[PDB]
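Working notes, beginning with the structure itself.
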Ligand SMILES: Nc1nc2c(ncn2[C@@H]2O[C@H](COP(=O)(O)OP(=O)(O)O)[C@@H](O)[C@H]2O)c(=O)[nH]1
């Protein structure tokens with residue numbers, strides 16, 4: 001049960017992270033995948049910025065939850081015409097985070113449920129595997145998947161992500177609430 005959510009750190013440079021406390025989980029995915037919307041659904045409040053147009057990579061944001069854990073919002077990758085400077089910033093921040101944040105318990109990798117897994121997502125998977133970073137796949141935007149196509153598409157994500165490694169796969173919709181409570185429970189378990 002999430003009681004309190006506070007934005008406490010906007011990290012713009014490597015290593016500018018708050019004290020580890022009791023642990024944390026992180027969220028990442030392609031820009032526009034629905035990360036801010038998912039965070040808001042999890043927090044049960046509008047706090048992360050939602051938009052049809054993806055924001056530039058600028059920071060890693062730390063949300064202090066119940067005064068003892070963090071939900072960490074990593075910047076989205078790909079999509080926009082990411083300039084050299086922006087991708088370098090992206091790489092610089094996320095790599096620093098992965099390599100140095102020992103208290104990270106789990107990364108939730110958000111991917112669009114509506115289409116099959118894509119190359120940049122698979123690259124993300126390979127990278128975290130190489131860094132020994134645990135991760136769980138979260139499918140987003142499930143409310144837009146035709147009921148008659150849900151089975152095929154879910155199997156496709158399962159098949160693809162099984163050729164690799166993973167913690168589990170949770171379909172979600174920030175619109176209907178599908179999977180939100182299941183994701184919350186898994187997080188509570190990982191943290192406690
Ligand atoms: N139908 C639907 N739209 C969503 C869902 N999640 C996000 N969106 C929309 O997708 C667009 C991107 O959302 P956003 O949360 O800002 O993505 P972000 O760039 O990953 O943080 C927005 O227009 C959202 O309204 C979802 O579960 N269902």
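Virtual Cβ from ideal backbone geometry, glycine too; neighbours counted across all protein chains shown. Values quoted throughout were computed directly from the atomic coordinates according to the rules given, and no laboratory measurement underlies them.
Per-residue ellipticity at 222 nm for the chain, helices alone: DSSP H runs ≥ 4 residues times -39500 (n - 2.57), over residue total, nearest 500 deg cm²/dmol? Display every interim value, and only then the final one.
Numbers: 5 runs with 63 residues, N = 192.
Per the formula, -10500 deg cm²/dmol.
With Rh defined as the Kirkwood radius, the inverse of the mean 1/r over Cα pairs, the Rg/Rh of the chain is 0.93. Taking 0.36 nm per residue of separation and subtracting the Cα-Cα distance, full extension of the segment from residue 163 to residue 68 would add 30.6 nm. Once C-alpha pairs closer than 8 Å and six or more residues apart are averaged by separation and normalised to the residue number of region 98-153, the relative contact order reads 49 percent. Put the Cα centre of region 52-81 next to the Cα centre of region 85-160 and the gap is 14 Å.
Give the peptides 25-35, 148-158 in descending order of average Cβ contacts within 10 Å, highest first.
On the way: 25-35: 22.6, 148-158: 12.7.
Highest mean packing first, the order is 25-35, 148-158.
The relative contact order of the chain, computed from alpha carbon pairs under 8 Å that lie at least 6 residues apart in sequence, is 24 percent.
Compute the Cα gyration tensor for region 106-192, then decide on rounded, prolate or oblate, letting a ≥ b ≥ c be the square roots of its eigenvalues: rounded whenever a/c is under 1.5, prolate when a/b is larger than b/c in the other cases, and oblate in all that remain. Cα axes put region 106-192 in the oblate bin.
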